[PDB]
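Note sheet for the following structure.
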Amino acid sequence: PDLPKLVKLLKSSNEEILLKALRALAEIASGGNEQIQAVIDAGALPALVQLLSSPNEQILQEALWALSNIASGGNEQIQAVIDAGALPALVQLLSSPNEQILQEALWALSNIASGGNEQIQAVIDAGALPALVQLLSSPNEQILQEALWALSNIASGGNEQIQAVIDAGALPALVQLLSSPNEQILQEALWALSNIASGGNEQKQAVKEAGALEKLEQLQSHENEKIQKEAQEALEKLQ
């Protein structure tokens, strides 16, 4: 098959050959989980990371496509990506002017954070815990949405996983965010608060300490039905 053959093409030298390979390197990943594994063993995981650190925009716009394509696999397949050493290589892309590249930067990163606790602990370590919260207060909603997926994904584990979140400083970026005329941010933030509150008393009060309760109380009398129910479930929770 042309599985391994494509891997070699991921060694720079020829841009034409490299690009052509990229296109036919991700398209296959978006066909089945088993297909992803084939790419891993093939030795493309580490070959892709190297591309992440390239000036070309085309090779980059594609490098992410095939990348995240794997991050959306299984809890195990997602680990392979980390073992290759793309965690830090991807975080860098986040500091790119080309929004197009930044978008994918999250579609892959956050994707991995949605794995398991065993992987989360590794993220909260070096991962930009507090830095991720700062993004929450960004104008470009595009980054805001994805930013929520990453942070939230990290708070999808045991109690210890929830604590790490509050420590980062999401209480303010969330609570204060509750006061938003945007239905999106309204449900988003709310969904985040409840998540953390789901933990113990330390995880609950921690949030309410900011003043989310107020925003929640007012939500009780919100037009939207869904927002009303969710708001009621989060309110009592804090208690």
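Note that PDB author numbering numbers the sequence shown so that position 84 is 84, with each residue one more than the last.
Virtual Cβ for every residue (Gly too), placed ideally from N, Cα, C.
Residue interval of the alpha helix (DSSP H) (run including residue i)
i, result
"residue 36", "33 to 43"
"residue 129", "129 to 136"
"residue 67", "58 to 71"
"residue 152", "141 to 154"
"residue 2", "Residue 2 -> no alpha helix (DSSP H), and no H or E assigned at all."
"residue 97", "Residue 97 -> no alpha helix (DSSP H), and no H or E assigned at all."
"residue 84", "75 to 84"
"residue 201", "201 to 208"
Contact check, residue i vs residue j, beta carbons under 9 Å
i, j, result
"residue 58", "residue 19", "yes"
"residue 202", "residue 142", "no"
"residue 173", "residue 133", "yes"
"residue 177", "residue 135", "no"
"residue 109", "residue 168", "no"
"residue 101", "residue 60", "yes"
"residue 205", "residue 151", "no"
"residue 87", "residue 42", "no"
"residue 107", "residue 51", "no"
"residue 126", "residue 138", "no"
CA nearest to the CA of residue i, picked from the options
i, options, result
"residue 145", "10, 184, 73 and 125", "184"
"residue 118", "94, 75 and 213", "75"
"residue 89", "105, 80, 33 and 97", "105"
"residue 103", "137, 62 and 222", "62"
"residue 162", "138, 51, 199 and 43", "199"
"residue 12", "4, 31, 114 and 56", "56"
"residue 149", "115, 220 and 126", "115"
"residue 220", "209, 233, 211 and 208", "233"
"residue 179", "208, 73, 170 and 216", "216"
"residue 171", "189, 124, 123 and 33", "189"
"residue 182", "97, 222, 14 and 124", "222"
"residue 96", "72, 192, 126 and 54", "54"
"residue 131", "159, 91 and 16", "91"
Spatial neighbours of residue i in its chain, beta-carbon cut-off 7 Å, leaving aside the 5 residues before and after
i, result
"residue 66", "22, 25, 26, 29 and 48"
"residue 84", "45, 46 and 49"
"residue 155", "161, 162, 165, 195 and 196"
"residue 153", "110, 113 and 114"
"residue 157", "117 and 120"
"residue 7", "42, 43, 44 and 47"
"residue 68", "104, 107, 108 and 111"
Local conformation of residue i per DSSP, three classes
i, result
"residue 27", "coil"
"residue 20", "helix"
"residue 167", "helix"
"residue 239", "coil"
"residue 214", "helix"
"residue 223", "coil"
"residue 195", "helix"
"residue 126", "helix"
"residue 10", "coil"
"residue 114", "coil"
"residue 182", "coil"
"residue 55", "coil"
Cβ shell of residue i (< 8 Å), same chain only, five flanking positions each side left out
i, result
"residue 187", "226, 227 and 230"
"residue 70", "29, 36, 39, 40, 45, 77, 78, 80 and 81"
"residue 33", "73, 74 and 77"
"residue 207", "166, 171, 174, 175, 193, 196, 197 and 238"
"residue 124", "154, 161 and 164"
"residue 15", "56 and 59"
"residue 191", "152 and 230"
Own chain residues within Cβ distance below 6 Å of residue i, not counting five before or after
i, result
"residue 175", "210, 211 and 212"
"residue 235", "216"
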